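Same chain, two forms, each on its own as structure tokens: structure 1, then structure 2.
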Structure 1
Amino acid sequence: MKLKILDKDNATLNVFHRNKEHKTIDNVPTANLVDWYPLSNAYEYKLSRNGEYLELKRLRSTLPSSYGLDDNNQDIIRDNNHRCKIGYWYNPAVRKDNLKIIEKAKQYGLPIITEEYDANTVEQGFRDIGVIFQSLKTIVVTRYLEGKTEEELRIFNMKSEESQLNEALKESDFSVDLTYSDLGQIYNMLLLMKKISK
């Protein structure tokens, strides 16, 4: 799945179909992406057997479930409220979860794709999400260091800041996982906004 934003109003979408074949759909509207485009890094669209629909596929990932698809179950995949009819550009499941993500971003002081924005405000949003990532990387090691409070902290502390951050992240709680999932989807949103506002 590759969405190319051609200008503020127009995109094309290239998706796998079957065998070695991909299909490119032109005249893809940028206006409504929130209603169709999955923000989750654990999913992407493929072209449906008959070419009318874009259908979700779960990638191999430890990220949380979204859109009511835990893994690839064609009851849900083929179902109308879980896919996007091409040219209609509406996927209720995707829209529903996207909207939670949007509200979260609004709560963090980030600009959102459903309200007005321009290049400057998106750029400021990337500034702010970078700040969130950094603070987060501080908290992750803080929490790991408590756990895991053994006097062998000296061993951990024999590493560089990066190796420490890496080991803490590797070993972290599911809660932390949820924070990074959320932030990844918000990042995807801000990027769609950046591209539309170029």
Structure 2
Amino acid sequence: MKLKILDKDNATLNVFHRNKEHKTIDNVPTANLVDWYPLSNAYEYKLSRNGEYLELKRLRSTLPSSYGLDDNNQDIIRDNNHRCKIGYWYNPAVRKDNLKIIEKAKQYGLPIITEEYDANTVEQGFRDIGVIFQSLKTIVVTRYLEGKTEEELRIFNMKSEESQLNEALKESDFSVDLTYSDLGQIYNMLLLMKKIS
């Protein structure tokens, strides 16, 4: 799925159709983008068989299950309250979960796509979310090094940070990937805000 924001009056969307056929929807609205566009990373839009609907598709991912779609269930995918219509861009479900995300971003103190913003606000947004990520891994290792008891020393602390984070997240809490998922979707929001400037 490829959202190409052209001149800031509209956009174009590249999606799959049938068995990996290429289709593009022009005249895609960029205002009220919150409604229909999924911020998940675990889902993507696909042109319906009779192409007048954009319907969800669950991607291979260990991310949480948003939009009520857990496994590409056709009875949910074809439902009108779980898919968008080309022309009247609702969602829906997508709007609910995305509003929840925009609530999370509000909690963190990050600029949201619902209210006014410029390039500066978005730049500050990414700059802050970076701090959030760094702090998150820092805490994920901090509250992890309590077992020890002195096994750390200068043997464990050997390279690398990738290895350290791997061994630390290996037995980390289950909520960590939920928070990471939230931050991912928020990141996608900030990205949408960035490309809209």
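Rigid core here is just the name for the largest C-alpha set that superposes within 1.5 Å across the two forms. Quick note, the numbers are simply positions in structure 1, starting from 1.
*Asks:* Of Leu63, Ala31, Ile132, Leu145, only one moves its C-alpha by 2 angstroms or more between structure 1 and structure 2 once the rigid core is aligned, so tell me which.
*Replies:* One residue passes the 2 Å cut-off, namely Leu145.
*Asks:* Comparing between structure 1 and structure 2 on the rigid core: C-alpha of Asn50 shifted by 2 Å or more?
*Replies:* Comparing the forms between structure 1 and structure 2, which are aligned on their rigid core, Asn50 does not shift its C-alpha by 2 Å or more.
*Asks:* Could the core-superposed CA displacement of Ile155 between structure 1 and structure 2 be given in angstrom, to one decimal?
*Replies:* Displacement of the alpha carbon, after core fit: 4.8 Å.
*Asks:* If the core is used for the superposition, what shift in Å does the C-alpha of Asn10 show between structure 1 and structure 2?
*Replies:* Displacement of the alpha carbon, after core fit: 1.2 Å.
*Asks:* Where the core is superposed, what shift in Å does the CA of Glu167 undergo between structure 1 and structure 2?
*Replies:* On core superposition, this C-alpha lies 2.3 Å from its counterpart.
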